[PDB]
Amino acid sequence: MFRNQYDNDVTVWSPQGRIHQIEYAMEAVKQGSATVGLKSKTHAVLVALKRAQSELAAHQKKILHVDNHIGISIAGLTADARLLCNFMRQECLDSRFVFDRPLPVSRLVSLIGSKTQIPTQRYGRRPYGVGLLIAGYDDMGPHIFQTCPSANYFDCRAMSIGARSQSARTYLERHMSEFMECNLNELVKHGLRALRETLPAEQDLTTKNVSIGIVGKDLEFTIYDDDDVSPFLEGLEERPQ
Amino acid sequence: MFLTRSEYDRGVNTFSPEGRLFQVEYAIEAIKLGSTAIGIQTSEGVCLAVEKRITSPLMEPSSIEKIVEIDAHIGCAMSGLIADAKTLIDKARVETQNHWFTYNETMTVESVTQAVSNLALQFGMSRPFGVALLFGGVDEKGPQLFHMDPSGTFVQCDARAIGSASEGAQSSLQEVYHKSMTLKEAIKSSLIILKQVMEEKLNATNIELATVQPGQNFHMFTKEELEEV
Amino acid sequence: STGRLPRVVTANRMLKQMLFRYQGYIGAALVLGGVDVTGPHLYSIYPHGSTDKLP
Amino acid sequence: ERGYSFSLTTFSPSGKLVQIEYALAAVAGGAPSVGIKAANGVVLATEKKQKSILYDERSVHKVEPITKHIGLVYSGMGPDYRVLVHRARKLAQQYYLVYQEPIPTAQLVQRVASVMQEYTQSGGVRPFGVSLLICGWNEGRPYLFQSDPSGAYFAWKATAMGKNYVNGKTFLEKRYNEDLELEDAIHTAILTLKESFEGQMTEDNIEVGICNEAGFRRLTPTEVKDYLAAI
Amino acid sequence: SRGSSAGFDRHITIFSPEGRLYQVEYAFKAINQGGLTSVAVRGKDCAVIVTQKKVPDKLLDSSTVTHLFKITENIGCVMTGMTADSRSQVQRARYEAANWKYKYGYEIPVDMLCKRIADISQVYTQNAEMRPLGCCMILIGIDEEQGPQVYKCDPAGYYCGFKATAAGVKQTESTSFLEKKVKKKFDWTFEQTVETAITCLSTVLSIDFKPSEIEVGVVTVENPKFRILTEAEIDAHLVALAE
Amino acid sequence: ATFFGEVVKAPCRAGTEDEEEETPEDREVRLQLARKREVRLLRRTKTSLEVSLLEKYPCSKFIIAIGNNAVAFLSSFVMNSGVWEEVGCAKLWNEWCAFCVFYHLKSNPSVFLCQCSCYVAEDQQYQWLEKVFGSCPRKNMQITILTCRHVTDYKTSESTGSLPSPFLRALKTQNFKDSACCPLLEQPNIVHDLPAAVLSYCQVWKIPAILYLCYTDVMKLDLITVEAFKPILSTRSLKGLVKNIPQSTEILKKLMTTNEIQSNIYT
Amino acid sequence: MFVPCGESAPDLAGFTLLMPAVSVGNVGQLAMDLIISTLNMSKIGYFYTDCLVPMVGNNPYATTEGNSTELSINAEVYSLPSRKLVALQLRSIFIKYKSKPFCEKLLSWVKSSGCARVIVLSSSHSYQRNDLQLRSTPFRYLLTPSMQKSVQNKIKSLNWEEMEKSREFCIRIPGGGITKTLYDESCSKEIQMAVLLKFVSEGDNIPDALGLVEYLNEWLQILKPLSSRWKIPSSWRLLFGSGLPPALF
Amino acid sequence: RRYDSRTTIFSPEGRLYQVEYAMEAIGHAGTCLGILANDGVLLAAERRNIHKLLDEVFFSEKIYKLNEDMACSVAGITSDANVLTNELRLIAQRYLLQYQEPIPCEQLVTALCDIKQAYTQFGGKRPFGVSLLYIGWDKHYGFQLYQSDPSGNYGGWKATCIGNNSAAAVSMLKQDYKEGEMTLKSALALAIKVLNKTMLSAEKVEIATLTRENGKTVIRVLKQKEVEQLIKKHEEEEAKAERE
Amino acid sequence: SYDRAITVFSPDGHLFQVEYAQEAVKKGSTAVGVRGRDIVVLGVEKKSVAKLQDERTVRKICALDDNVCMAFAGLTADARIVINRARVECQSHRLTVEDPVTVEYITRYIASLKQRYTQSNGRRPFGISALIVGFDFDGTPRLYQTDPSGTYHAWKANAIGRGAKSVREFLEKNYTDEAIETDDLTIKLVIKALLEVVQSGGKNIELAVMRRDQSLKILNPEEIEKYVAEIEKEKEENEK
């Protein structure tokens, strides 16, 4: 009842030492579809789920291409995702044009965090309402990162964000001890099994609502969609129940 | 344990407690005061059908230009606040002409789409636009169709219906549409959808069509061609 | 503003800076001298903005 | 009621601007000031605010010179007075540089009032809470002007401002005479100041400045003591 | 920007029906938030500043707690009020002194520095975006032609020169004490000035002082450089009072 | 603030901003606006009922669904069997407004259902009460209400993002002798709008009633949210109206397969 | 209309009625909560109208496991027949063009029941104070001409401040809600009435409620005079919302 | 209310309340009068700055010369009127410099009214609370007389009044003005009569006239002796009329 | 409660400040425009006439160029600003390129200028509506209308201002191809349309006429009264 005066702007502190607009912007991530990321000793994989809307009126691109060794997936507002993708592409292009060397993923994520911290302290702006999962390969190996509207980032072994992603997170933490020794096929199957845990217990994954993105030591970032996904979905078994 | 008022829908930079921006949603709801438009994507071409409403018989039925055509083999259609599309059209035309003057070929539909989408996102003008667009054209990739809403972002599609009565038009178009059809079949489908959506007659002075296909350039149907159907 | 008689070094500084700002296009050669609380002083200023303190 | 009292750029339904009235109220609660224009001269007097033995007697003054023939005094807030004085001095120097002659009193008053009129028609600022009395000698003829916080100026023969200025103006009306000398003008100004001192008047708590054909100057405390003894 | 707040005491640029600036008056009350008081006294050929030093925490390094600052080689300072605001004003004063030296070719005087700081403070009270600092400055120095100088400026933009002054929680009692002493006697030697300042502090605050609880700075005609005393010298002066 | 240094006034929780600041043209405009917003109980012949709905017929049971998930649940699990006749409709206009239809069973004409998928504003709730219930309350009746709220509306000591959603809560009147199938709503939480109006009417007039609340993390038509209502199917009020569950599941799946198109926002 | 909880309405004759107003900061409503909780009153009926937005909830003064499951509505009446005290509480806000009918109905019921006097707790905006009000106490009072002489003698003894008039003279209470209408109707219908308000600003307003209740106790002497004494209701928790999300601090 | 705090808000019936409130500030000012005749134009004003201890060091108050052919009078806020008069002089000089011909009378009024309208168009500023009367001569239309208001509107007149008690003066002018058959003497007598009714001594009025002589415009301000002569002639004719 | 700011949408998708500007327009004097085969006519009601006023300075019909003219309804200062901007634009365009300005081009310029002022919270829209007529380079008559929001259309006959709906209904009933055959019939149609709302004909009616390759002509009261007399005579004949 006493929060009405302190939750309209990002530049107002609450008497309890809180900023409610950042916490509200953190709720916009749960309005998107679920997505899962996981990694092994050699490869990093992203899988995404598309809305049940008919493909007739929409061609959604949840997984985007950033560089030859970096790819992302989105959950949240779309304009902010577009702006962040443009910024990342420009950074990678400038780095490559100046020095003939790939830009490290950790440096890229640090730049992203520094950029997104600014609109949380200045009047007349609002935080970015989008969360990202980032997969890449560099001299240190494969990496998975997570990004938050509060300008925080984490280094993960496996993560899931979106709507009803708690089931996927539970599955990932239950089966997380076997990911390092698996090959590409087993890794993708584990990702698909984690992703399908967020659906009601009568639907199943089809070749119309699933996207896959893979990067590796010798494999550039590639996106599999529509009919290219069937060789990955064919080996998956039926539901336990 | 008392009931109090609280508002979150007066500024474009305010988040709701459940992570919603209400001003953008209201701007999107403003589209449903416009006229219905139809777009269909076919391997042979793209057909744009738009609705023209006349308030009085004394109005000249020629100044209601809803299908504006940009160069580089590109169509357009509109619904909502017509006065708000002029800046977008000017930006698209300037970008295309600069591309001609610097490279001497045609800019792609996706590229002009992205370029015009950059300008619609600058409200974060201090308010979102109140208009929706539909783009058509063919390139080396073939025919393409795109849609934009006042949120400021585009999305590729192949059969979309926008306007005041759009849900029923989309439901009918989903059934009628097939993966393969002829351009004339698509035109007939658009015409019948417009017929069963309109509340009035369909003489050659109520609609406006401009079917584009890789054979020749822009071709907006004349009065005689429209009256033929 | 100050309530006191000025100093010769202040006039020398202002003249030198202003002459230097215009890169010698003004073209004025000056001989400046005066007395303040620190004694008598004598300067020579050139059109490009160079000064000498001499007897 | 109070909706039109906070904003400077808002008219009242009866067509009044209230923040300007409140700035004038700020002026009316300051220390008294007196100005008398006699034949062959003008006199300005004021009451000091530093009435203690700890305060230094040569640091800050309320009567200031602008040019060799123009002086100034005020009632209200001192910090605004300082910046206004600096701007007035710069304007006088600019006029001399352009026209190769000393600025007339009326032109300087007009320029200062023009600077003061701004800050009453814009949002994000407040008006100056100070009034000025300006005296000068020009073409063998004395002058006396007053400028308001709103930017309006008047020409006077004798006036008072500050605390208890209505009774001071009544006293001046009773006492002022056309054919007056500068010494009698100084006597009358001191007598007018004495009407509301509420204490013992010495030469260390009043300030006097005069203007005549020889220019503007500020009287030394010994001269003020000699004048006070003659009462 | 954000937009002003309605009310007669909630925005800097709003007059009250009596013509008062309540935000400036409230900024004057932030000077007492620290809880300390300081005294400055001018002598025949010297000037001193004294302030009390409170170190409540055992785990705090006492060498990093001070309120005495050096602006130039010949100008000293004591600040009372909010600590960060005081440090920011010290930095600004140093910058202004550097600009004056560069522009005019000789070192800035005490009255000119005080006037410049007061001019900068006046602007904050007339614009809606910036706020006054809750602190007051006291400066001392030796003038080549005039001698010792004591100056003070406040959050309103007002400055003046004094023979003796005080600031902080107990300014009024110190002012009364100094007024009595000044009306009684003049022409103090260097020793008598420090005696008077320490006596004023120790009488206004009913405390017997230790060398670690006060902080003394001095400037004199023979040595015009600003100096900060040590504990041995402070204790020598304290036993001189005690005897 | 529309420009630099503009004076603004803070908002008020209590709404004491228009009542205190108080012409034939103005009153004509006011009456026209009041005529624009008015609830009409029709018989879609285009004739309004002369009396209240529950005074024209004797009623023994009354089930109300508010929202879209509740209407879907009742249409799938309750109305799939039997014969129901529409006996009226409600017409209204708001800025956010969609139907309000009343049925009753052919075999047992004393059981009524209502399905309000529209939004009723604060100045139309009481009018809804008179046009539906009337000035003569009957105490030999039982009323059930279903509705949904977003999970961020729930107040807890811990973070609201850790609760297992959806979950169900209940509120009862004094005369209700049965026990709810879900825990009662915790103290600091309150309910307003139309269900609160119905429950308050029943409490004041001594009519047994119960209100069911679902707190969901998705407010769109979703299958998980709809099946969150399933434990209510074993209560005494809805015992005799449910026949075949798998058919209801199939109907619900078919209904979910068709859903209106959203916008390009929230990728 | 007053609808009783049971079958027959209680007999109120000579009772003192306490009631809040829906004003800025909910100060009167919070003070009513404090009084009802501390004196441990009992519900006797409802005040069913068409003027307030409807709301519902469980018992706001629960102490045991039995009375914690009692339904509550937006307007309820509590009574203390031993000391002839009756209190009304409002838990919601008003719909447009509905305040005057509510005041008329309430005053009609007050006149018909047979109560002695009425005391109203309110509040007013704190940004509309002048210089003289800025340096005085924030508590003001009003009285009708019909009030008994003993009340004026006691109030004069208590050394209180009366609310200033505004420029035939009228009274204006900005941010007071229905207080002005209630006062005017009570004056025109010859009912004894007192108004007790405070200048407040919106935020956390619990100290304001404590100050107002002590101010009222100075005159009423409801409990022991001042020389942990008011019971905080169990509903006064989570007044700022839910908990803090993780991975932020 | 909720629609009268800014100049950039329309009320639901299409009104700008701040502009009307600004125009409300002109009814408190002194009375200004203007009359057009066959051989001249007239301007009569009321002196509010009346006091024993006031000085007279200026050409006149509330009457200003804009160029060789035009003059104006003001009513409202003095500090705003000063800005407006300075801007008028600048505009006239700029036109003369560019075209080598004197500015027409209507173009000056239009150019100032554009400035007055901008301050109601743009937000964060305050409209001018000033109303003006203009007289002049030019080769396109001869003698002319205009009026202006805080909103930025203007129009041409044959006789008009602004300031305190304007409606009664307008009614009297409507009753007593003869179109096409009046001279400067008749205009002076009518102005004296109207001012005497609406408000008489020679120290409370100021009169200025405009005329053409040998292809040159002459602008004059009447003297105390002439004003006293007019006042006493009006008094004697009134006494003679009422004696019958 | 969504009408306090210019750039704020209502829950059902409305901008209320622009509608309030339209309300301000709806209170001006009525203006009527009719285009014919070889002539275009404009007519404006005169609300009131003061005897001590010079009527030359309060006209509501202006000439933007040699082949275009305009009438308005609404606030007057805003109309003057817009007229001056359009005139300067026409002069600059004619100086830069010797081709005559197109009526559609100037209409688009005016509409763009009007639409610019509905985009920010720091400025307010223009509360005027305009009717624009003229002849193109090939001699084709045109008629356009502009709105405070920035939209425009093309008409054959339209009315704006106070009491415009009745005039528009009358024009819809009476606008035929045999009623615009001649200039006199077109002018009579305009006068008859204006006479539906004007209390006394001729006394307070202003009318302008524009022919092909000719300057704008303002009809005098003698001609206006002659036309009114002809209308009265034909009405008396048709009375029977």
# chains A, B, ... in the order shown; residues from 1 in each chain; ligands from 1

call {"tool": "interface_residues", "arguments": {"of": "chain F", "to": "chain A", "cutoff": "10 Å", "atoms": "only C-alpha atoms", "output": "list in words"}}
result
residues 10, 11, 12, 13, 152, 161, 162, 164, 165, 217, 218, 222, 223, 224, 253, 256, 257, 258, 259, 260, 261, 262, 263, 264, 265, 266 and 267 of chain F

call {"tool": "interface_residues", "arguments": {"of": "chain D", "to": "chain F", "cutoff": "9 Å", "atoms": "only C-alpha atoms", "output": "JSON, numbers by chain"}}
result
{"D": [6, 7, 123, 124, 125]}

call {"tool": "select_by_dssp", "arguments": {"residues": "range 17-154 of chain I", "states": "alpha helix (DSSP H)", "output": "tab-separated table (two decimals) with N, CA and C atoms, in the first residue's frame"}}
result
chain	number	residue	atom	x	y	z
I	17	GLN	N	-6.15	15.19	-27.26
I	17	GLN	CA	-5.80	16.59	-27.46
I	17	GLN	C	-6.04	17.02	-28.91
I	18	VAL	N	-5.77	16.14	-29.87
I	18	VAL	CA	-6.05	16.45	-31.27
I	18	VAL	C	-7.55	16.57	-31.50
I	19	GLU	N	-8.33	15.74	-30.81
I	19	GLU	CA	-9.78	15.85	-30.92
I	19	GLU	C	-10.30	17.14	-30.28
I	20	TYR	N	-9.64	17.61	-29.22
I	20	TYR	CA	-10.03	18.89	-28.64
I	20	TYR	C	-9.67	20.05	-29.58
I	21	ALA	N	-8.56	19.93	-30.30
I	21	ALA	CA	-8.25	20.93	-31.33
I	21	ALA	C	-9.31	20.92	-32.43
I	22	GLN	N	-9.78	19.73	-32.82
I	22	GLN	CA	-10.88	19.64	-33.77
I	22	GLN	C	-12.14	20.30	-33.21
I	23	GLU	N	-12.38	20.14	-31.91
I	23	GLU	CA	-13.50	20.82	-31.27
I	23	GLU	C	-13.35	22.34	-31.36
I	24	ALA	N	-12.13	22.84	-31.19
I	24	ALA	CA	-11.88	24.27	-31.35
I	24	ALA	C	-12.18	24.71	-32.78
I	25	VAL	N	-11.86	23.87	-33.76
I	25	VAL	CA	-12.19	24.18	-35.15
I	25	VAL	C	-13.70	24.27	-35.34
I	76	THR	N	-7.55	32.42	-35.36
I	76	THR	CA	-7.14	33.35	-36.42
I	76	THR	C	-5.62	33.55	-36.48
I	77	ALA	N	-4.96	33.64	-35.33
I	77	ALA	CA	-3.51	33.83	-35.32
I	77	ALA	C	-2.79	32.63	-35.93
I	78	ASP	N	-3.25	31.42	-35.60
I	78	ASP	CA	-2.67	30.22	-36.19
I	78	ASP	C	-2.85	30.22	-37.70
I	79	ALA	N	-4.03	30.62	-38.17
I	79	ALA	CA	-4.27	30.70	-39.61
I	79	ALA	C	-3.34	31.69	-40.27
I	80	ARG	N	-3.11	32.84	-39.63
I	80	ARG	CA	-2.19	33.82	-40.19
I	80	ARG	C	-0.77	33.27	-40.30
I	81	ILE	N	-0.32	32.55	-39.26
I	81	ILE	CA	1.01	31.96	-39.30
I	81	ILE	C	1.12	30.97	-40.46
I	82	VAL	N	0.12	30.10	-40.60
I	82	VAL	CA	0.15	29.09	-41.66
I	82	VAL	C	0.13	29.75	-43.03
I	83	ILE	N	-0.68	30.80	-43.19
I	83	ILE	CA	-0.77	31.49	-44.47
I	83	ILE	C	0.57	32.10	-44.85
I	84	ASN	N	1.23	32.75	-43.88
I	84	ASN	CA	2.53	33.35	-44.17
I	84	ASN	C	3.56	32.29	-44.56
I	85	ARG	N	3.58	31.16	-43.84
I	85	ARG	CA	4.52	30.10	-44.19
I	85	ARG	C	4.27	29.58	-45.60
I	86	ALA	N	3.00	29.36	-45.95
I	86	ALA	CA	2.69	28.85	-47.28
I	86	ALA	C	3.07	29.85	-48.37
I	87	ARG	N	2.83	31.14	-48.13
I	87	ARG	CA	3.21	32.15	-49.12
I	87	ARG	C	4.71	32.19	-49.33
I	88	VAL	N	5.48	32.15	-48.24
I	88	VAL	CA	6.94	32.16	-48.38
I	88	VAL	C	7.41	30.91	-49.12
I	89	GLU	N	6.80	29.76	-48.83
I	89	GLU	CA	7.18	28.54	-49.53
I	89	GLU	C	6.89	28.64	-51.02
I	90	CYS	N	5.72	29.18	-51.39
I	90	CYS	CA	5.40	29.35	-52.80
I	90	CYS	C	6.40	30.26	-53.49
I	91	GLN	N	6.75	31.39	-52.85
I	91	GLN	CA	7.70	32.31	-53.46
I	91	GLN	C	9.07	31.66	-53.64
I	92	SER	N	9.55	30.95	-52.62
I	92	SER	CA	10.85	30.30	-52.72
I	92	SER	C	10.85	29.23	-53.81
I	93	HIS	N	9.78	28.43	-53.89
I	93	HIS	CA	9.71	27.40	-54.91
I	93	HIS	C	9.67	28.00	-56.31
I	94	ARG	N	8.90	29.09	-56.48
I	94	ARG	CA	8.83	29.74	-57.79
I	94	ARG	C	10.18	30.33	-58.18
I	95	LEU	N	10.90	30.91	-57.22
I	95	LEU	CA	12.23	31.44	-57.52
I	95	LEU	C	13.19	30.32	-57.90
I	96	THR	N	13.18	29.22	-57.16
I	96	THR	CA	14.12	28.13	-57.44
I	96	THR	C	13.82	27.47	-58.78
I	103	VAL	N	-1.19	22.70	-56.69
I	103	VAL	CA	-2.11	22.81	-55.56
I	103	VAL	C	-1.94	21.63	-54.61
I	104	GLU	N	-1.73	20.43	-55.15
I	104	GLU	CA	-1.50	19.27	-54.29
I	104	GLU	C	-0.17	19.41	-53.55
I	105	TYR	N	0.84	19.98	-54.20
I	105	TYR	CA	2.12	20.19	-53.53
I	105	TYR	C	1.98	21.13	-52.34
I	106	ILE	N	1.28	22.25	-52.53
I	106	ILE	CA	1.13	23.18	-51.42
I	106	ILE	C	0.23	22.60	-50.33
I	107	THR	N	-0.78	21.82	-50.71
I	107	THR	CA	-1.61	21.15	-49.71
I	107	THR	C	-0.78	20.18	-48.88
I	108	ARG	N	0.09	19.41	-49.53
I	108	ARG	CA	0.94	18.47	-48.80
I	108	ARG	C	1.90	19.20	-47.88
I	109	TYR	N	2.44	20.33	-48.33
I	109	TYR	CA	3.32	21.11	-47.46
I	109	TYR	C	2.58	21.60	-46.22
I	110	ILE	N	1.37	22.13	-46.41
I	110	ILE	CA	0.60	22.63	-45.27
I	110	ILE	C	0.26	21.49	-44.31
I	111	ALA	N	-0.14	20.34	-44.85
I	111	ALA	CA	-0.50	19.21	-44.00
I	111	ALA	C	0.71	18.69	-43.22
I	112	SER	N	1.88	18.65	-43.86
I	112	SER	CA	3.09	18.23	-43.16
I	112	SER	C	3.44	19.20	-42.04
I	113	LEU	N	3.32	20.51	-42.30
I	113	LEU	CA	3.58	21.49	-41.26
I	113	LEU	C	2.63	21.32	-40.08
I	114	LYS	N	1.35	21.06	-40.37
I	114	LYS	CA	0.38	20.84	-39.29
I	114	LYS	C	0.70	19.57	-38.51
I	115	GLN	N	1.09	18.50	-39.21
I	115	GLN	CA	1.35	17.23	-38.56
I	115	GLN	C	2.61	17.27	-37.71
I	116	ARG	N	3.55	18.17	-38.03
I	116	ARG	CA	4.76	18.29	-37.23
I	116	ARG	C	4.46	18.68	-35.78

call {"tool": "residues_around", "arguments": {"residues": "residue 225 in chain A", "least_positions_apart": "2", "cutoff": "10 Å", "atoms": "only C-alpha atoms", "output": "MDAnalysis selection string"}}
result
chainID A and resid 207:213 222:223 227:230

call {"tool": "interface_residues", "arguments": {"of": "chain I", "to": "chain F", "cutoff": "9 Å", "atoms": "only C-alpha atoms", "output": "NGL selection string"}}
result
:I and (5 or 10-12 or 121-122)

call {"tool": "atom_distance", "arguments": {"atom1": "CA of residue 169 in chain A", "atom2": "CA of residue 158 in chain F"}}
result
20.4 Å

call {"tool": "residues_around", "arguments": {"residues": "residue 173 in chain B", "least_positions_apart": "6", "cutoff": "9 Å", "atoms": "only C-alpha atoms", "output": "count of residues only"}}
result
7
